[PDB]
Chemist: 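Structure incoming, see below.
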Amino acid sequence: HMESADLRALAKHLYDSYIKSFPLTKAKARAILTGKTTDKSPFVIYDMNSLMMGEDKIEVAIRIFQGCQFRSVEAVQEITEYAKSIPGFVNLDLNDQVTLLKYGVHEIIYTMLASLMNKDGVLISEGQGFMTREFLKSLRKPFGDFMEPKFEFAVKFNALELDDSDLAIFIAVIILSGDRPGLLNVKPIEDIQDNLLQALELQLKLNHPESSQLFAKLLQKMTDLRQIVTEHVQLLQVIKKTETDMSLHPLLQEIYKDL
Amino acid sequence: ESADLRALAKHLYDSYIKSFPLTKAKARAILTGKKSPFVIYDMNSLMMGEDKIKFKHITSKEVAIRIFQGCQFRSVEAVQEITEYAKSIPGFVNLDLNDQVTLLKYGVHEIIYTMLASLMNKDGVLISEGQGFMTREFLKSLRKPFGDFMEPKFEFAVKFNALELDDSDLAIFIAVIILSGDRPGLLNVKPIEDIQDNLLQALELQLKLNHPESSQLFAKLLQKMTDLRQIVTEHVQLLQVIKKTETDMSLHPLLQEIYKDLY
Ligand SMILES: O=C(O)c1ccc(-c2nn(C(=O)c3c(Cl)cccc3C(F)(F)F)c3ccc(Cl)cc23)c(OC[C@@H]2CCCCO2)c1
Ligand SMILES: O=C(O)c1ccc(-c2nn(C(=O)c3c(Cl)cccc3C(F)(F)F)c3ccc(Cl)cc23)c(OC[C@@H]2CCCCO2)c1
C-alpha cells in the first residue's frame, strides 16, 4: 500500500511535530524521574506542609483537582495543534475534525500522562515538581479514588517502554479512529489511519526488534484506554452532583456533553 | 517458522469445525438464500414454530421473557463448546488449572458475541443450528427492556461482519481472545502471553494470505476487541436492571443454578 521510505518519512514528520507541540517529552520526564542530575531535580510534595512549601518554591483536594483540570485544558490545546500536523486531518470534513478530537483527546491525555508517571508519583509544573501517589490517593471524598486509576494504567502502559518517536505515531492512530460516533465520512479517516498503522508497525519493528508482537500489544492497550475514559466520565458526574461549587473549563464541558 | 504458523492455523480451524455446531460458511449460505429455515417474524409464527419445529428452550408464559431466557440457555451451551475448543489450543491444558478457569470465565462473553455475529445479518438471526430464522424487527419490538436488550447485538454484528472474516480467520481470533493475560486474578501471566504471541503471529500471517488486498485488517480486527470489551460491559449493566425490575423471571432453582454465570 505504502513503501518503506515513505513510511519512515511519515514517522519522522510526526516525531518532529510531536516535539514542537508538546513541551515536556517522555525523554525529559525520564531524565528528571531517574535523575543523578543536580540541575533537573524536582521539589517533592508528599503531604500538606510540603504542598504549602512547593507553592512558594515553584480546600486541598479541590485545588489539586482544579490543577488536573487546568493542565488537561492545556493538553487539549497541545493535542489539537498536533492533530493539525497529521497529513490529511485538516482536509477532512470540519464536523468530523471536531468529532475525532472530541472522542480522542481523553484517550491521548491518559496515554501521555503515563509518560510523566512512575509507580511512586507524577511530574507537575513542567517537571519542576513531583507529587506522590500516596498523597494523591489519600485525598478525601471521592477525590482520592479519582486519582489512583490513572497510576494503575500508567504502570502497565510504561511496561511497554515506548519512546517519544513511537508515541507520536500511536497518538495519531488514536485520533484518526473511523469508529467514533456520528462521523459523516468514515472512508477518508480509515485511509489515513491505514497509513499511520503501517507507519507504526514499521517503526516498532525497527525501534524494538527484540520485542515480538509489540504492535499488537500496543493496539490492545487502546482497549484499556476506552474502558478507563468511560469510568472517568462516570466518576466526574458523581463529583459534579456532590460538589456543586466547582466547575469545568468550557472546553472540557463541551467535550463531556454526550460523554 | 511460517510453516509452523500455518500448521497452528490449520490445527485450530480443524478443531473449530469439530467444536461448533454451525459454521459461518453454512450460516451465510442459509442467510443469503443459497430447505428454507422456518421464519419467526411475529407472535403467531413463533407459536407455530415451537409447535412444529420444537425449538429447545420452551417450558413464565410471557413471550418476551421466554425469548430472553432462550438466549441465556443457548449461551450456556456455547460455553461448553468454547471450553472444548480451548482445550485444543496448544499450551492451554498445560496452564495452571485455576488460570484455565479464569481465562474461560472472563473470555466466554466476548467469544459468544463474536460468534453470534456469524449467525446474524441486518435482518435477523439463525437459531437451532440454522433450522430457524428469527427477524430483527420481532426481537427489537419485544416490550419494556427486552427489545433494547436484543438490538445492540445486531448493531455489533453488522459492523463486525463488514470485515468479512471466514471460519479459518475466526478460529485463530477466538483463540487470541481466550489467551488474554490481563484477566483478573491470573496467577501465571507469562505462559499465557507467550501462547498469545504465537496465536497473534498466526493470525497476522493468516489474514495476509487469506485477504492480501485488505490492508491492515490485522489491526482493524484487534481494534474490534475494543467494541467487544465495551459491549460486554454494557451487557452486564443491562442484565442487572432486568434482574432488579422483573418479578416474573422465576425458574426452578436448579435451572437458576445452571444459568448463574450468564444472569
Ligand atoms: O501535564 C499533563 O500533561 C497532565 C495531564 C493530565 C493531568 C491529570 N488530569 N487528570 C484528570 O483527572 C483528567 C484527565 Cl486524565 C483527562 C481529562 C480531564 C481530566 C480532569 F482533571 F479534568 F478531570 C488527572 C488525575 C490524576 C492525576 Cl495524578 C493527574 C491528572 C495532569 O495532572 C496535573 C497535576 C496532577 C497533580 C496535581 C497538579 O496537577 C497533568
Ligand atoms: O447459537 C449461538 O451461537 C448463539 C449465541 C448467542 C445467542 C444470544 N446470546 N445473547 C445474549 O444476550 C448473550 C450474549 Cl450475546 C453473550 C453472552 C451471554 C448472553 C446471554 F444471553 F446469556 F445473556 C443474545 C441476545 C440476542 C440474540 Cl438475537 C441472541 C443472543 C444466541 O441466541 C439464540 C437465540 C436467540 C433468540 C431466541 C432463540 O435463541 C445463539
Side-chain angles (χ1 to χ4, degrees), chain A residues 1-3 7 103-104 107 152-153 155-157 159-160 169-170 172-174 176-181 183 186-187 189-205 210-231 233-234 259, chain B residues 1 5 106-107 110 152 155-156 158-160 162-163 172-173 175-177 179-184 186 189-190 192-208 211-234 236-237:
Chain A
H1 221 274
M2 250 173 101
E3 102 100 297
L7 296 177
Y103 282 98
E107 302 178 357
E152 292 182 312
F153 170 75
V155 157
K156 296 194 293 164
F157 189 77
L160 298 187
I169 317 182
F170 181 57
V173 168
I174 295 168
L176 278 293
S177 298
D179 62 323
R180 302 309 191 180
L183 291 174
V186 170
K187 184 60 168 68
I189 298 169
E190 296 193 305
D191 290 342
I192 300 169
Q193 205 194 46
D194 288 1
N195 293 343
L196 295 172
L197 284 165
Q198 278 177 82
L200 177 59
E201 191 176 11
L202 186 61
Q203 169 64 17
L204 295 175
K205 287 208 226 307
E210 78 304 349
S211 185
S212 187
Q213 295 292 311
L214 180 62
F215 182 56
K217 298 299 177 184
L218 182 51
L219 295 180
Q220 287 184 120
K221 292 299 190 191
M222 271 164 86
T223 286
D224 303 38
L225 283 172
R226 197 77 59 100
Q227 174 170 91
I228 197 165
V229 169
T230 293
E231 293 178 348
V233 163
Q234 166 287 139
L259 296 82
Chain B
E1 81 168 304
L5 294 176
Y106 289 96
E110 292 167 11
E155 291 182 302
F156 170 75
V158 160
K159 295 193 299 199
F160 187 79
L163 300 188
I172 315 178
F173 183 57
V176 169
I177 295 168
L179 280 295
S180 299
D182 59 327
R183 300 312 188 185
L186 290 173
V189 170
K190 185 186 170 302
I192 300 167
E193 296 180 306
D194 293 344
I195 297 168
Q196 207 195 46
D197 289 1
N198 291 353
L199 295 169
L200 285 163
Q201 277 178 93
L203 173 62
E204 190 173 9
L205 185 63
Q206 169 63 19
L207 294 173
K208 287 182 179 145
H211 309 273
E213 77 306 348
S214 186
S215 185
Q216 295 295 314
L217 179 63
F218 182 57
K220 295 188 183 187
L221 182 50
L222 296 183
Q223 286 184 111
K224 293 296 179 183
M225 276 162 90
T226 288
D227 301 42
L228 279 174
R229 294 263 177 121
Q230 181 168 276
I231 197 172
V232 169
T233 287
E234 290 181 311
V236 163
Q237 287 301 278

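Every chain is numbered from 1 and lettered A, B, ... according to where its sequence line falls, protein lines coming before strand lines. Hydrogens, waters and symmetry mates are skipped; everything else that's a heavy atom, side chains included, is used.
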Chemist: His211(B): which residues meet the side-chain hydrogen bond (donor to acceptor under 3.5 Å, both in side chains) condition with it, sequence neighbours left out?
Modeler: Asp169(B)
Chemist: What side-chain donor-acceptor pairs closer than 3.5 Å can you find for residues 216-223 of chain B, not counting sequence neighbours?
Modeler:
from: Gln216(B); atom 1: NE2; to: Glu201(A); atom 2: OE1; distance (Å): 3.3
from: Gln223(B); atom 1: OE1; to: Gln193(A); atom 2: NE2; distance (Å): 3.2
from: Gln223(B); atom 1: NE2; to: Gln193(A); atom 2: OE1; distance (Å): 3.3

Chemist: Counting only heavy atoms from other residues, nucleotides and ligands, does the tally under 6.0 Å from NZ of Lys205(A) exceed 12?
Modeler: yes
Chemist: Once rounded to the nearest 0.5 Å, what's the spacing between atom OG of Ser215(B) and atom CG of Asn195(A)?
Modeler: 8.0 Å
Chemist: Considering only heavy atoms, give the residues of residues 224-231 of chain B separated from chain A by less than 4.5 Å, sorted numerically, with 'none' for an empty result.
Modeler: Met225(B), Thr226(B), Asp227(B), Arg229(B), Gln230(B)
Chemist: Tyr106(B): what forms a ring pair (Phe, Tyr, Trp, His ring centres under 6.0 Å) with it, not counting sequence neighbours?
Modeler: none
Chemist: Does CD belonging to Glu3(A) count more than 12 external heavy atoms closer than 6.0 Å?
Modeler: yes
